[PDB]
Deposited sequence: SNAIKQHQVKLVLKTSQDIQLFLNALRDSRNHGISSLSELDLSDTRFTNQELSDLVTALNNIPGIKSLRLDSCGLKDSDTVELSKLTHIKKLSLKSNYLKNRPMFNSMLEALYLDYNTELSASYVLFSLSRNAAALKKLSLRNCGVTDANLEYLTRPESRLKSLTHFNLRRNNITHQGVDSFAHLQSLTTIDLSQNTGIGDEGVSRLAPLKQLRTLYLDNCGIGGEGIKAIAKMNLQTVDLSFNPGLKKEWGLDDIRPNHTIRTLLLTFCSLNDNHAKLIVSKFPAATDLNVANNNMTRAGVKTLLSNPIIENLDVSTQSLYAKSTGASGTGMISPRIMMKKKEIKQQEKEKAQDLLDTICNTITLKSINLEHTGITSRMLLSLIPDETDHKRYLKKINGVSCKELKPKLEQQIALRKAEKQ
């Protein structure tokens, strides 16, 4: 609604687009603030011409050129943009000498697998005073590359979002950004060298609110450090060291974490008790693909403000006493007033059982509106058929 998104397939289509862009009537646009030409293959002059047209359109503040075959020479052209504050250059061919306008507030370089992370972090440290969001996902970043962030002269002082997913960052690298107090959102996922020591070194970051640490070799000492931080959203998926004790006995319950993802962590029903006890504000909860049973699910449902719960791909029913226990879980779900959605995919829970969870016509107390990712409105007929088309 505030974006134009087009793939321009030929040079001739590019000229047609540029013609449309150059129309004087566009100079005043404000509703359209982002242009996405991802997958378009440009020449240098086409790109220079794009820059010239955009420079007459102050209202366009965001430009996406993902997968456009862009090279370092292309970034030189793009650095001449005078109104663009957000620039996405994912999946291009940037190498050791790209250049960026210092006015940029967001820069995405994800999946530039020929990128020199050393040069980029060096040059951004010397120039990027305005930069708030930086993504170097899968750009080959090592701890040594991050050391430029500790330079006294470094101008990278306004960063609030830093995506370092799937590089090789360790606990030593965390020390390189632990003084950047403006950080609120960090993705460190798929950096297996982080570990509990890395998590511990995030402590001085007092404004950190959103933290992605999936696949980071996190164990009990890590989740303990996390419990003591004022975080709001935490992804700890694919950390099966968390299958052990968490050591939370002398830790006050955390009341700030609202979203907690713990999929694929080999957790059991005893961990469910810890979650509701020590993370009582975690009301958006994903514990899919763990070792929990109906007992653990009911434990999670005892959180009186639980609102979205994913317990999928865990066996909750296996097809007479087994039917009772399953029924007892279904009742618990129904009696959980605050629950807005539940995911029970691949749990063994049948079509008839799912149907019985749908709030009866004009039920005023239950808040459940989504099951297995489908609204209850669109799920009920879909289910009733699958039941009717069995008999």
Comparing deposited sequence to modelled residues, the uncovered ranges are 1 to 5, 325 to 346, 419 to 422
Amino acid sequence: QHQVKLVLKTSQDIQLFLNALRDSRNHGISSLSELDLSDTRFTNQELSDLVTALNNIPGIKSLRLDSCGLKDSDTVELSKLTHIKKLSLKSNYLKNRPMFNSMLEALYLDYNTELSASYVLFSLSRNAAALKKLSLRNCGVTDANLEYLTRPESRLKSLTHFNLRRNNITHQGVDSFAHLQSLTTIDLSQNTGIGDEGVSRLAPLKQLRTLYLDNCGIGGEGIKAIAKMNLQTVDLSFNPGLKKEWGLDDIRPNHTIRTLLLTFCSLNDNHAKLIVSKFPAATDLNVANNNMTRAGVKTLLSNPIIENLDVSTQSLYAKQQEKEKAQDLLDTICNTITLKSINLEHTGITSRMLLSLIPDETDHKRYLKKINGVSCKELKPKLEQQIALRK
From here on, numbers count along this sequence of modelled residues.
Quick note on 247 to 255 and 189 to 197: per-entry mean CA temperature factor is higher in 247 to 255
Avg C-alpha B-factor, entry values, 17 to 25 vs 378 to 386, higher side is 378 to 386
Note to self: of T40, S62, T43, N343, the C-alpha temperature factor tops out at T43
Among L70, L35, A326, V51, highest Cα B-factor in the entry goes to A326
By the entry's values, the third containing the CA B factor of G140 is the lowest
So, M99's CA B-factor, relative to its chain, sits in which third? The highest
Quick tally, chain-level thirds of C-alpha B-factors: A318 sits in the highest
Binned into thirds over the chain's modelled residues, the C-alpha B-factor of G222 lands in the lowest
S125: CA B-factor among chain residues, third -> middle
